[PDB]
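Participant: This one is input.txt, compact mmCIF, C-alpha atoms and all ligand atoms.
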# COMPACT_ATOMS: atom_id res chain seq x y z
CA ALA T 1 161.26 144.19 93.13
CA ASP T 2 163.44 146.98 91.70
CA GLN T 3 165.68 144.47 89.93
CA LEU T 4 163.72 145.27 86.77
CA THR T 5 165.61 146.49 83.71
CA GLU T 6 164.06 149.19 81.51
CA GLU T 7 163.10 146.74 78.72
CA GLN T 8 161.02 144.76 81.27
CA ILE T 9 159.44 147.82 82.87
CA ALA T 10 158.41 148.77 79.30
CA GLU T 11 157.25 145.22 78.65
CA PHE T 12 154.88 145.40 81.63
CA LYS T 13 153.75 148.88 80.56
CA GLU T 14 152.59 147.46 77.18
CA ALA T 15 150.19 145.21 79.12
CA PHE T 16 149.16 147.87 81.69
CA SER T 17 148.12 150.04 78.67
CA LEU T 18 146.14 147.16 77.12
CA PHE T 19 143.79 147.54 80.11
CA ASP T 20 144.12 151.29 80.82
CA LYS T 21 142.38 152.42 77.66
CA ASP T 22 141.23 155.79 79.12
CA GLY T 23 144.92 156.46 79.97
CA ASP T 24 143.97 157.81 83.43
CA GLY T 25 146.75 155.59 84.88
CA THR T 26 144.56 153.14 86.78
CA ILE T 27 142.82 149.92 85.91
CA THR T 28 139.18 149.65 86.93
CA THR T 29 137.23 146.37 87.20
CA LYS T 30 135.32 147.60 84.14
CA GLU T 31 138.55 147.93 82.07
CA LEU T 32 139.67 144.52 83.32
CA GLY T 33 136.37 142.98 82.19
CA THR T 34 136.59 144.73 78.80
CA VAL T 35 139.97 143.21 77.85
CA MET T 36 138.81 139.72 79.01
CA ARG T 37 135.54 139.85 77.04
CA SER T 38 137.61 140.92 73.97
CA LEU T 39 139.82 137.82 74.42
CA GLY T 40 136.76 135.51 74.74
CA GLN T 41 136.38 135.15 78.54
CA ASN T 42 133.25 136.39 80.39
CA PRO T 43 133.97 136.52 84.17
CA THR T 44 131.52 137.67 86.83
CA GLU T 45 131.41 141.18 88.32
CA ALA T 46 132.46 139.60 91.65
CA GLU T 47 135.30 137.72 89.93
CA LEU T 48 136.52 141.06 88.56
CA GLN T 49 136.49 142.63 92.05
CA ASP T 50 138.60 139.89 93.62
CA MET T 51 141.04 140.10 90.70
CA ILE T 52 141.46 143.87 91.25
CA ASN T 53 141.51 143.43 95.07
CA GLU T 54 144.43 140.98 95.10
CA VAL T 55 146.66 143.45 93.22
CA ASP T 56 145.27 146.72 94.70
CA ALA T 57 147.71 147.60 97.49
CA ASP T 58 146.06 150.75 98.90
CA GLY T 59 142.39 149.69 98.88
CA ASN T 60 141.33 152.54 96.53
CA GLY T 61 139.46 150.00 94.35
CA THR T 62 141.86 150.18 91.35
CA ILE T 63 145.33 149.29 90.12
CA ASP T 64 148.05 151.82 89.27
CA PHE T 65 151.21 150.80 87.44
CA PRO T 66 153.40 150.52 90.58
CA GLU T 67 150.82 148.05 92.03
CA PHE T 68 150.87 146.16 88.72
CA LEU T 69 154.67 146.10 88.60
CA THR T 70 154.79 144.64 92.12
CA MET T 71 152.39 141.84 91.19
CA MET T 72 154.20 141.06 87.89
CA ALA T 73 157.67 140.89 89.48
CA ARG T 74 156.26 138.73 92.28
CA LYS T 75 155.17 136.29 89.51
CA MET T 76 158.68 136.19 87.96
CA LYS T 77 160.12 135.36 91.42
CA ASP T 78 157.43 132.63 91.56
CA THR T 79 158.67 130.84 88.41
CA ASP T 80 162.26 130.71 89.85
CA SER T 81 161.35 129.75 93.48
CA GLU T 82 162.03 125.99 93.19
CA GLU T 83 165.61 126.79 91.94
CA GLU T 84 166.19 129.95 94.08
CA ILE T 85 165.51 127.67 97.06
CA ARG T 86 167.91 124.99 95.77
CA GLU T 87 170.65 127.50 95.08
CA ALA T 88 170.18 128.86 98.67
CA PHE T 89 170.77 125.36 100.16
CA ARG T 90 174.05 125.21 98.20
CA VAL T 91 174.88 128.57 99.84
CA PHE T 92 174.47 127.10 103.34
CA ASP T 93 175.82 123.65 102.46
CA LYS T 94 179.41 124.76 101.78
CA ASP T 95 180.99 121.36 102.68
CA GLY T 96 178.60 119.98 100.07
CA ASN T 97 177.47 116.99 102.13
CA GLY T 98 173.73 117.67 101.61
CA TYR T 99 173.25 118.36 105.32
CA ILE T 100 173.03 121.88 106.85
CA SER T 101 174.69 122.23 110.25
CA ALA T 102 174.20 124.86 112.92
CA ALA T 103 177.70 126.06 111.97
CA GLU T 104 176.60 126.47 108.36
CA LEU T 105 173.55 128.50 109.42
CA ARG T 106 175.63 130.61 111.81
CA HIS T 107 178.12 131.29 109.03
CA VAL T 108 175.54 132.79 106.57
CA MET T 109 172.46 134.02 108.55
CA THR T 110 172.33 137.73 109.41
CA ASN T 111 169.46 139.68 111.08
CA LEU T 112 169.10 143.30 112.29
CA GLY T 113 172.50 143.85 110.63
CA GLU T 114 174.41 141.31 112.85
CA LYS T 115 174.91 137.54 113.44
CA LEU T 116 172.48 135.11 115.13
CA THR T 117 173.10 133.41 118.48
CA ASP T 118 173.85 129.73 119.08
CA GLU T 119 170.39 129.48 120.72
CA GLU T 120 168.69 131.03 117.66
CA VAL T 121 170.41 128.71 115.14
CA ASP T 122 169.73 125.72 117.46
CA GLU T 123 165.96 126.38 117.34
CA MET T 124 166.00 126.99 113.57
CA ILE T 125 167.31 123.41 113.18
CA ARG T 126 164.98 121.98 115.93
CA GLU T 127 161.94 123.50 114.13
CA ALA T 128 163.00 122.02 110.74
CA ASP T 129 164.72 118.74 111.75
CA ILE T 130 161.76 116.31 111.16
CA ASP T 131 163.95 113.13 111.19
CA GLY T 132 165.91 114.37 114.23
CA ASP T 133 169.55 114.04 113.16
CA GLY T 134 170.27 117.62 114.34
CA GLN T 135 170.86 118.62 110.70
CA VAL T 136 168.72 119.91 107.80
CA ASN T 137 168.65 118.18 104.37
CA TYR T 138 166.87 119.48 101.26
CA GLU T 139 163.38 118.09 101.84
CA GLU T 140 163.20 119.53 105.37
CA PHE T 141 164.67 122.81 104.08
CA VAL T 142 162.02 122.98 101.31
CA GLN T 143 159.00 122.51 103.65
CA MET T 144 160.44 125.30 105.86
CA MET T 145 160.53 127.66 102.82
CA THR T 146 157.64 126.69 100.54
CA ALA T 147 154.04 127.91 101.01
CA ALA K 1785 197.11 130.55 77.58
CA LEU K 1786 196.80 134.40 77.53
CA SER K 1787 198.11 137.23 75.32
CA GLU K 1788 198.01 141.00 74.67
CA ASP K 1789 195.45 140.11 71.97
CA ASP K 1790 193.19 139.04 74.90
CA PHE K 1791 194.03 142.10 77.06
CA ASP K 1792 193.13 144.37 74.08
CA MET K 1793 189.66 142.75 74.05
CA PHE K 1794 189.07 143.25 77.81
CA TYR K 1795 189.93 146.97 77.63
CA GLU K 1796 188.00 147.31 74.35
CA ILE K 1797 184.87 145.54 75.75
CA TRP K 1798 185.28 147.52 79.03
CA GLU K 1799 185.09 151.00 77.42
CA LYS K 1800 181.55 150.08 76.22
CA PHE K 1801 180.29 149.70 79.79
CA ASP K 1802 182.52 152.45 81.29
CA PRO K 1803 183.46 154.97 78.54
CA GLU K 1804 183.85 157.71 81.21
CA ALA K 1805 186.86 155.73 82.54
CA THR K 1806 185.42 155.70 86.09
CA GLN K 1807 187.33 152.38 86.39
CA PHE K 1808 184.07 150.94 87.72
CA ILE K 1809 180.85 149.26 86.60
CA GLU K 1810 177.74 148.57 88.60
CA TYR K 1811 177.36 145.03 89.86
CA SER K 1812 174.06 144.58 88.01
CA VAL K 1813 175.88 144.77 84.63
CA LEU K 1814 178.61 142.26 85.54
CA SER K 1815 176.58 139.39 84.02
CA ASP K 1816 176.20 141.36 80.73
CA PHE K 1817 179.96 142.15 80.67
CA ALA K 1818 181.19 138.65 81.48
CA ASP K 1819 179.11 137.57 78.40
CA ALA K 1820 180.31 140.33 76.00
CA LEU K 1821 183.89 139.17 76.66
CA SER K 1822 185.48 136.83 74.11
CA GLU K 1823 187.30 133.54 74.72
CA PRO K 1824 189.06 132.63 76.77
CA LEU K 1825 188.11 135.22 79.43
CA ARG K 1826 184.36 135.12 78.62
CA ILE K 1827 181.90 133.62 81.11
CA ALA K 1828 178.76 132.81 79.13
CA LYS K 1829 175.28 133.14 80.67
CA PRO K 1830 174.03 131.74 82.95
CA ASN K 1831 177.02 133.07 84.99
CA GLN K 1832 175.39 134.62 88.07
CA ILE K 1833 176.55 131.96 90.53
CA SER K 1834 180.09 131.95 88.98
CA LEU K 1835 180.51 135.71 89.51
CA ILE K 1836 178.98 135.75 93.02
CA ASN K 1837 181.39 132.98 93.98
CA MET K 1838 184.41 134.96 92.73
CA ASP K 1839 183.61 137.01 95.88
CA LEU K 1840 184.44 140.27 94.13
CA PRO K 1841 184.79 143.29 96.48
CA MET K 1842 182.24 146.08 96.00
CA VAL K 1843 182.59 149.77 96.91
CA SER K 1844 179.43 151.87 97.47
CA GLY K 1845 176.61 152.08 94.94
CA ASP K 1846 177.46 148.42 94.34
CA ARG K 1847 180.26 149.26 91.88
CA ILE K 1848 183.26 146.98 91.11
CA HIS K 1849 186.74 148.14 90.01
CA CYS K 1850 188.27 147.17 86.64
CA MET K 1851 191.21 145.34 88.18
CA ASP K 1852 189.19 143.36 90.76
CA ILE K 1853 187.37 141.92 87.72
CA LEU K 1854 190.45 141.34 85.53
CA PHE K 1855 192.24 139.43 88.35
CA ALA K 1856 189.31 137.08 89.18
CA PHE K 1857 188.55 136.60 85.47
CA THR K 1858 192.13 135.55 84.60
CA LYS K 1859 192.41 133.51 87.78
CA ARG K 1860 189.36 131.52 86.58
CA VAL K 1861 191.28 130.74 83.34
CA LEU K 1862 194.93 130.36 84.55
CA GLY K 1863 194.09 129.05 88.04
CA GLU K 1864 196.02 129.85 91.21
CA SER K 1865 199.50 129.52 89.57
CA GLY K 1866 202.94 131.22 89.73
CA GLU K 1867 202.86 132.19 86.04
CA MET K 1868 199.60 133.92 87.17
CA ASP K 1869 201.23 135.53 90.27
CA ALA K 1870 203.72 137.04 87.78
CA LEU K 1871 200.84 138.18 85.50
CA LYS K 1872 199.07 139.76 88.52
CA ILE K 1873 202.17 142.01 88.89
CA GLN K 1874 202.78 143.05 85.24
CA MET K 1875 199.28 144.19 84.15
CA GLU K 1876 198.56 145.52 87.69
CA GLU K 1877 201.04 148.35 86.93
CA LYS K 1878 199.26 149.12 83.64
CA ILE K 1887 191.35 157.58 92.63
CA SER K 1888 189.02 156.66 95.53
CA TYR K 1889 188.46 152.97 96.32
CA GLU K 1890 187.01 151.78 99.65
CA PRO K 1891 185.38 148.31 99.39
CA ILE K 1892 182.59 147.85 101.94
CA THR K 1893 181.20 144.43 100.98
CA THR K 1894 181.57 141.41 98.67
CA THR K 1895 179.30 139.53 96.31
CA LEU K 1896 179.45 136.54 98.64
CA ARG K 1897 178.61 138.84 101.62
CA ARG K 1898 175.81 140.35 99.49
CA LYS K 1899 174.50 136.88 98.59
CA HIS K 1900 174.41 135.79 102.26
CA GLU K 1901 172.29 138.89 102.99
CA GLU K 1902 169.75 138.06 100.21
CA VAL K 1903 169.50 134.41 101.39
CA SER K 1904 169.14 135.57 105.02
CA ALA K 1905 166.32 137.97 104.02
CA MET K 1906 164.59 135.22 101.96
CA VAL K 1907 164.74 132.94 104.99
CA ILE K 1908 163.44 135.60 107.42
CA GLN K 1909 160.64 136.78 105.11
CA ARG K 1910 159.44 133.17 104.63
CA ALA K 1911 159.75 132.48 108.40
CA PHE K 1912 157.34 135.30 109.12
CA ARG K 1913 154.41 133.68 107.25
CA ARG K 1914 155.20 130.31 108.84
CA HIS K 1915 155.50 131.57 112.43
CA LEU K 1916 152.14 133.34 112.18
CA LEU K 1917 150.15 130.65 110.36
CA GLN K 1918 151.26 128.01 112.94
CA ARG K 1919 149.53 130.17 115.58
CA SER K 1920 145.75 129.78 115.04
CA CA T 2001 142.03 153.50 83.27
CA CA T 2002 145.23 151.17 94.16
CA CA T 2003 176.79 120.61 105.11
CA CA T 2004 167.38 116.29 109.59
Before we go any further, please render this structure as structure tokens.
Ligand SMILES: [Ca+2]
Ligand SMILES: [Ca+2]
Ligand SMILES: [Ca+2]
Ligand SMILES: [Ca+2]
Facilitator:
Amino acid sequence: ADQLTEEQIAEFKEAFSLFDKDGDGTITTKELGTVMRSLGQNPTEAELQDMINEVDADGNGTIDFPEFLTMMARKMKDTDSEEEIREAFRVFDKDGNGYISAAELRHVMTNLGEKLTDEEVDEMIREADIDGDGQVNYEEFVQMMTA
Amino acid sequence: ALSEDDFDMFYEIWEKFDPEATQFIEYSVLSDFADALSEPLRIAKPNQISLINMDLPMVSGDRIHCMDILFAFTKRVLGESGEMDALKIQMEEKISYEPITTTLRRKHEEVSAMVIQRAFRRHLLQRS
């Protein structure tokens, strides 16, 4: 995300620096381990790899600050997901009746910079409509979003 | 309900965010601004959904004109009245401006994207 204010970008830099003690601009598994051992945790050498791997985006075996930023912002959008989902239902459910119609999908959904077809919205419902009322309520909507 | 005392504040609090008198502010500081306002016009945080739902028109660079804000902000306070229709005239008398989207149009895009991005994972992982 580039919805990050300067204060926050700086905030995340404070932490990136905690690790990047040689100031070369990457975090190595070694530097990861060092901070953790200083804070009283002793993880394996394999644990350290996997931790670097999950954030490393280019497979060069280390973490630059862009890669770090991506991971950290992804974690902020994690803490809001439950709500972000709710507030998206309320975007579709404009009549407020707690059921999402085809019409209500059609009205909002955009893809490849244009509307969806009646057939496309129909299937979106059909995939999500567990109970089979030809409408989507919250619980069905959640399962079709959450992971 | 409203006074010149209040309109002094708006134009005072506005100069902070737009001293260059562009007559615009970026969308992403609309939340900050709405908060820096005083009563009654103020819209305290959290105010994201409120502002989105005002359906303010945005020109390019996601900027929003002074007046577009003032109108929606006073409407929220005075409601859709005739005293307000009169007010819309007076202060509207007291440049390049081509709106290309709205905050509600912008929100539908973000929700659409969210839906599509999440669909991708699902469509794949239900194909072993
Ligand atoms: Ca380093
Ligand atoms: Ca890397
Ligand atoms: Ca509905
Ligand atoms: Ca249903």
Participant: Kindly give the distance, in Å, that separates CA of residue 33 (chain T) and CA of residue 48 (chain T), rounded to a single decimal.
Facilitator: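 Spanning CA of residue 33 (chain T) to CA of residue 48 (chain T) is a straight-line distance of 6.7 Å.
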Participant: As a quick test: using only C-alpha atoms and all ligand atoms, which residues lie no more than 10 Å away from ligand CA 2004 (chain T)? Give them as a PyMOL selection string.
Facilitator: chain T and resi 99-101+125-126+128-141
Participant: Please, which residues in chain T fall within 7 Å of ligand CA 2002 (chain T) when counting all atoms listed in the file, and what is the closest atom pair and distance in Å to one decimal for each, ordered by chain then residue number, as JSON lines?
Facilitator:
{"residue": "T:56", "atom": "CA", "partner": "T:CA2002", "partner_atom": "CA", "distance": 4.5}
{"residue": "T:57", "atom": "CA", "partner": "T:CA2002", "partner_atom": "CA", "distance": 5.5}
{"residue": "T:58", "atom": "CA", "partner": "T:CA2002", "partner_atom": "CA", "distance": 4.8}
{"residue": "T:59", "atom": "CA", "partner": "T:CA2002", "partner_atom": "CA", "distance": 5.7}
{"residue": "T:60", "atom": "CA", "partner": "T:CA2002", "partner_atom": "CA", "distance": 4.8}
{"residue": "T:61", "atom": "CA", "partner": "T:CA2002", "partner_atom": "CA", "distance": 5.9}
{"residue": "T:62", "atom": "CA", "partner": "T:CA2002", "partner_atom": "CA", "distance": 4.5}
{"residue": "T:63", "atom": "CA", "partner": "T:CA2002", "partner_atom": "CA", "distance": 4.5}
{"residue": "T:64", "atom": "CA", "partner": "T:CA2002", "partner_atom": "CA", "distance": 5.7}
{"residue": "T:67", "atom": "CA", "partner": "T:CA2002", "partner_atom": "CA", "distance": 6.7}
Participant: Could you list, as a compact mmCIF listing (two decimals) with C-alpha atoms, in the frame of the given file, every residue of chain K that has an atom within 7 Å of an atom of chain T, counting all atoms listed in the file?
Facilitator:
# COMPACT_ATOMS: atom_id res chain seq x y z
CA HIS K 1900 174.41 135.79 102.26
CA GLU K 1901 172.29 138.89 102.99
CA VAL K 1903 169.50 134.41 101.39
CA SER K 1904 169.14 135.57 105.02
CA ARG K 1910 159.44 133.17 104.63
Participant: Could you please extract the residues within 7 Å of ligand CA 2001 (chain T), counting all atoms listed in the file, and hand them back as a list in words?
Facilitator: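 Listed by chain and ascending number, the contacts are residues 19, 20, 21, 22, 23, 24, 25, 26, 27, 28 and 31 of chain T.
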Participant: Can you pull out every residue with an atom within 7 Å of ligand CA 2003 (chain T)? Use all atoms listed in the file and format it as a ChimeraX atom specification.
Facilitator: /T:93-101,104
Participant: Have a look at CA of residue 1908 (chain K) and CA of residue 1813 (chain K) and let me know their distance in Å, one decimal.
Facilitator: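 Computed distance, CA of residue 1908 (chain K) to CA of residue 1813 (chain K), equals 27.5 Å.
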Participant: Separation of CA of residue 1810 (chain K) and CA of residue 1850 (chain K), in Å?
Facilitator: 10.8 Å
Participant: Can you tell me, as a PyMOL selection string, what residues are no more than 12 Å from residue 75 (chain T) when counting only C-alpha atoms, ignoring any on the same chain fewer than 6 positions away?
Facilitator: chain T and resi 1+55+68-69+81
Participant: Which is closest to residue 1875 (chain K) among K:1854, K:1798, K:1806, K:1840, if we use only C-alpha atoms?
Facilitator: K:1854
Participant: Hey, which of K:1837, K:1911, K:1866, K:1852 ends up closest to residue 1895 (chain K)? Count all atoms listed in the file.
Facilitator: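 Among K:1837, K:1911, K:1866, K:1852, it is K:1837 that comes nearest to residue 1895 (chain K).
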Participant: Tell me which protein, DNA and RNA residues are within 12 Å of residue 1819 (chain K), counting only C-alpha atoms, leaving out same-chain ones fewer than 2 positions away, and put them as a list in words.
Facilitator: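 Once the nearby chain positions are removed, what remains is residues 1794, 1797, 1798, 1813, 1814, 1815, 1816, 1817, 1821, 1822, 1823, 1824, 1825, 1826, 1827, 1828, 1829, 1830, 1831, 1832, 1835 and 1857 of chain K.
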